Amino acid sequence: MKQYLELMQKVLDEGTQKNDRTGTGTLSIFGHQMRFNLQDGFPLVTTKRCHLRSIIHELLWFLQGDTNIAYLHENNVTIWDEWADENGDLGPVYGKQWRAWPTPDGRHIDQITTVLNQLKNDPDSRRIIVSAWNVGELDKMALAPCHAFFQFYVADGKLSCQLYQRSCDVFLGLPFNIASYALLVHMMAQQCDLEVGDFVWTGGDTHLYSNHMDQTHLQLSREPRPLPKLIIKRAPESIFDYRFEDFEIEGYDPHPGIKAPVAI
């Protein structure tokens, strides 16, 4: 896509060589913002072939409050294996924080149904937020949240969402992170009888790993194809009731897929 490709060029043009914990080394920039009107089409990259199967399963799983990868395995999704323990646990990552953020006085807050009650009763608050950034449990998480915090907005009967990504693997992670939040926005908008608006991505440390420059120049030598279209074949009684098969992607004709190694 237009936006992602210009971001990729920005990191190359303006990036600085930094060392990272994985020991790989990146080219990185700090702070970037991009916007996608979900009315133009579903933001799934076309310059490389993506797999919706795994984006959809990881999203169903977070909505479930699940943080053990077995579900992921039942479905042939291995994106998280590298970080699970012997039991398949990741610790209290995304799904846990989303659905049961632990308070100091022994409560758990379900952030997802709270955002849904606001959308329904005061679509105008300035506090329609879900955070995965639980400071108190960061130490128990297999990896700290990359997509850390997000806020919903309703203006002309359209639902928008701005995500704050503290850490971004531009090559492997981003295409996946954008496809995922876009699916979410469609999910919520369908629950609320609203139209989809814009998806705003905002980044912290936005980088390209060292072992990814070749794949980066190869991708960049390509012209984006028209954006795919998302179709939902049902309106479930709740956002927690969606099924993998309720979704169809129409008109996706991507350029060939490009392989790159994930960093540690």
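Residue numbers run from 1 along the displayed sequence.
Mean temperature factor over C-alpha atoms, higher-scoring stretch between 117-125 and 178-186: The deposited B-factors put 117-125 ahead on the C-alpha mean.
156-164 versus 100-108 - greater average Cα B-factor per the deposited record: That would be 100-108.
Peak C-alpha temperature factor (PDB record), options 38, 52, 220, 27: Comparing C-alpha B-factors across 38, 52, 220, 27, the top value belongs to 52.
Out of 139, 89, 169, 81, highest CA B-factor residue: In the PDB entry, the greatest C-alpha B-factor among 139, 89, 169, 81 is found at 139.
Within-chain third of residue 202 by Cα B-factor, per the entry: Lowest third, going by the recorded CA B-factors of the chain.
CA B-factor placement of residue 68, once the chain's modelled residues are sorted into thirds: Its C-alpha B-factor, which the entry lists for residue 68, ranks in the lowest third among residues of this chain.
Third of the chain, ranked by Cα B-factor, where residue 43 sits: Lowest third of the chain for residue 43's C-alpha B-factor.
For residue 59, the third of its chain into which the C-alpha B factor falls: Middle third by C-alpha B-factor.
Relative C-alpha B-factor of residue 75, binned into the chain's lowest, middle or highest third: Its C-alpha B-factor, which the entry lists for residue 75, ranks in the highest third among residues of this chain.
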